[PDB]
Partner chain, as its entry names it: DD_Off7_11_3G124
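Just one chain follows, in the form solved without the partner chain, and it is written as structure tokens.
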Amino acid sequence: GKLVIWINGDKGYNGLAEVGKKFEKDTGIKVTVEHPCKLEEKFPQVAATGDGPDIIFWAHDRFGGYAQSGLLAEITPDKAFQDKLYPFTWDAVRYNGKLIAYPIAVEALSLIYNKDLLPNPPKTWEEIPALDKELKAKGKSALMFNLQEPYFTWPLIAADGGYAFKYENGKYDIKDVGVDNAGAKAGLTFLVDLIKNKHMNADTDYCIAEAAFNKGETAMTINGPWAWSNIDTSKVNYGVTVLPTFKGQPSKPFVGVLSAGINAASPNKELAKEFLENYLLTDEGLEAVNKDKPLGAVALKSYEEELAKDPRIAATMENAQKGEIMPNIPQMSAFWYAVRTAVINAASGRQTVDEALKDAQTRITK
């Protein structure tokens, strides 16, 4: 007879609580928003015992494991509701063909650049080396980004043909892995050449690239919407744009989708679906939440069009439309560790590109 919702503390839960007051107005049903610690850890525990919230908000990737254990109710928005959101967003909340959540927001890396050092951002990765030599002439470098984590290097590695797992029907073929193809090989090779030609240092991490961009020492960086508040502070005159192409192919960053799922154990599923489809996933619902804490790019086409007047948000969506939805399956854990190792190894000379990737491919499909 009520609704309890769980959302992370770093989100606009005050705005969500406001959509809830509006719901309670035309229904009498009280909505309760909470943001417990490590709720994504707590969820699986309480839900397994038929407890927890009616609805949970989290990035889509985690939903795969939840769905596996039957913790989420199957959703059935009709065609009409479905057409209100970007098609690609529905792919993120499919677990073996079944729709298990509603897409809310979209996140993807973008190319961030210093408008004072660089008039126009490069359109290509191939032109970075040359640009770096011109900038070096003035004591500045072209680009610095986190080389340590595959989340950051994947856009380049995947550009010309790499992929984690072949997807073709709301289902992932776990024996169709794309880390050892020519595509990925072309990409990693380009990256390695950057480091050995000294256009990039193999030890650049998150902190180092971030400080460098914020100190105006480097012209570009690769980062996500969470990094914007830090740049603002810095007082750098920055722009956010589409990532560069490689071999004429778009960079393919992984896409994370903020999702809302219904507890399979809830007695209030009809209430949940009504709250979600008719209160929250409306221009006014996203707006009340966004006002509290920005969502970034959103899945609802109508509101995204309003938000896209901010070129940083437009760029985020563009990159996301060209990226790779992050697989929600358990085998993804193998991919993280394997590809992490392959890149650090190829980068440090410890192994060749051909070797490093052949190995990773092996450990994933193992």
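Positions refer to the first chain, counted from 1.
There is another form of this protein, the form deposited with the partner chain bound, and it is not shown here; the text below is about that form.
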property: 4.5 Å heavy atom contact, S348 and the partner chain in the entry with it bound; result: yes
property: is_contact(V192, the partner chain) in the entry with it bound, heavy atom dist at most 4.5 Å; result: yes
property: Exercise: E107 in contact with the partner chain in the entry with it bound, heavy atom 4.5 Å; result: no
property: In the entry with it bound, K215 touching the partner chain (heavy atom, 4.5 Å); result: no
property: Heavy atom within 4.5 Å of the partner chain in the entry with it bound - the one residue of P225, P122, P294, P129 that qualifies; result: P129
property: Stretch from 215-223, 285-293, 133-141, 228-236 whose residues place a heavy atom within 4.5 Å of the partner chain in the entry with it bound; result: 133-141
property: Sequence-ordered residues of 183-199 touching the partner chain in the entry with it bound, heavy atom within 4.5 Å; result: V192, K196, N197, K198, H199
